[PDB]
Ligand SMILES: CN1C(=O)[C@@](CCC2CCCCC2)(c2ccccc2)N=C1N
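One chain comes next, on its own, written out as structure tokens in the form solved without the named molecule.
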């Protein structure tokens, strides 16, 4: 259940060692590919001409074992950023030599330390290796939660450790990573191997790493406390952290020698398996969403496109959502037909955008539960779904349901509706163009008719996540603007991210719309107070809707409808990550724009720095009318 590996800096025979760590339960081994103390010279004779072999042979393992079981390690004497020119040069040749041998062997990852502030020349040699061969190898940068200088015992009489808080100084190692990965151009092949120390820092330091590509956590044996019986275990705070890392499915690495000599080395590993099997199980939402974490999908456009059969199938296997719809219809019948009229009065109810008819059925179940009489129109422009409707109305619904194979903005209705019902809502509420559709339909609502839904509001929340920035970055396509992937929302089960401020309402729409001048364009300015240092990579979009009175649906996290998985949030990325300091305000601007043919959005940040206006005129993303 937990994928884990052993870190060693001493491997006398690779064959035995691998067997010993395989025996102890580990899935892989991080080891030197050259001997850690074998400093090599490349410039100065005689040491330059040291007889070979320079390291052990690749014939000692199978290609399968190299490819899956061995993580290389950079020799600790390699210092590309030494103040000494000779050492700078020797280490460049040595780092290339070692990275090439790693690529020669097919290693799946290779570890490299970030153990000081200036790693500029380290980054440059790594960048220059990545661009030589076009390989698939991973590079795990070994970064501590707490720099060793900020962790040393207070035992130097004339150089004491400062006992003041330094909010940003305590984050310094995040800035080591962050510079290093900027320099290297956000290569997808460069991840974090976060090293965890005996005493954790404040939460804000730990939260700097939210949204970062952590592929591994390194746990030294040092940090394991001992319980009464004598096993290795972890403090409650370390356990909290392990639980967070498990949700990131990192691989855990155990480094250091055995410090619980009475017990063996399974015990460390077993504790993690213990913590792993002993976490809260995934709810119904989190079962549905497994496999979609941070997976970028295009927002459905059910107006412009005819949805596929299986797409309506997923729409329908959300029972919570139609319970709410049924209840909203139920309450609405009772308000509209008094008990003494329950048989003289028949309500004309129109499902607008009927699909395969889950709302048509919810309306029937609602009029039975409410014991009132209804007349049902099922309008649907997708003629492939109208096939399903007309088979349902012949086989079951009967003449109670009139299927109408038409666009609701075209349909000349025979009579007016008491209630129009629709599920035309996207993850950003109005992003499937439900405002435009219901406006062309309201002319055949009665002057006192209800619309279900009656109201919906969208929501927005600045987020940080370099993992999603890179994914968005990967979406460059030939034959279009090379930044176009940054100007267009994405539906995504947001996972490895940090939400920087509380969501805040963006655009609201009401139905029926009682403007004498209906206008669905919008301009909205939002200020988000940010109380952390972070980096802004875009905006999370959610929505709420009032179906009827107090019956609602929401995917706003604060008020999420429990158990309903019909909508993942939507992501509005920006071209250029923006640095945001503690106490600053993120000001964002959101426009809803439209043609006679297209609706779209445009957005900028204007504080703490300006961004470009994104998706201007719908050059990169429209929603078809």
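Residue numbers count along the first chain shown, from 1. Superpose the two forms; the largest set of C-alphas matching within 1.5 Å is the rigid core.
Absent from the display: the form solved in complex with the named molecule. The rest refers to it.
The site is blocked: after superposition of the local C-alphas, three or more atoms of the named molecule, taken in the bound PDB entry, come within 2.4 Å of this form's backbone or C-beta atoms.
Proximity to the named molecule in the bound PDB entry holds for none of 469, 497 and 580, with the criterion being a heavy atom within 4.5 Å. Note on the partner interface in the bound PDB entry: the residue among 377, 507, 528, 139 having a heavy atom within 4.5 angstroms of the named molecule is 507.
For the options 487, 432, 418, 212, the residue carrying a heavy atom within 4.5 angstroms of the named molecule in the bound PDB entry is 432.
Using a 4.5 angstroms threshold between heavy atoms, residue 574 stays clear of the named molecule in the bound PDB entry. Using a 4.5 angstroms limit between non-hydrogen atoms, residue 456 touches the named molecule in the bound PDB entry. Although the partner is absent from this view, residue 590 contacts the named molecule in the bound PDB entry, with a non-hydrogen atom inside 4.5 angstroms. Remark: residue 541 counts among the residues lining the named molecule in the bound PDB entry, judged by a heavy atom distance of 4.5 Å or less. Segments offered: 89-97, 470-478, 193-201, 541-549. Contacting the named molecule in the bound PDB entry at heavy atom distances within 4.5 Å is 541-549. Taking the named molecule as positioned in the bound PDB entry, none of the residues of 307-331 brings a heavy atom within 4.5 Å of it. When the two forms are superposed on their rigid core between the shown form and the other one, the C-alpha shift of 2 Å or more among 432, 423, 195, 171 belongs solely to 432. Once you line up the core between the shown form and the other one, the Cα of residue 335 stays within less than 2 Å of where it was.
After superposition on the rigid core, the Cα atom of residue 496 is displaced by 2 Å or more between the shown form and the other one. Put the two forms on the same core and the Cα of residue 161 is off by less than 2 Å between the shown form and the other one.
In the bound PDB entry, the separation between the C-alpha atoms of residue 502 and residue 426 grows by 3 Å or more relative to the displayed form. Relative to this form, in the bound PDB entry the C-alpha atoms of residue 405 and residue 428 approach one another by 3 angstroms or more.
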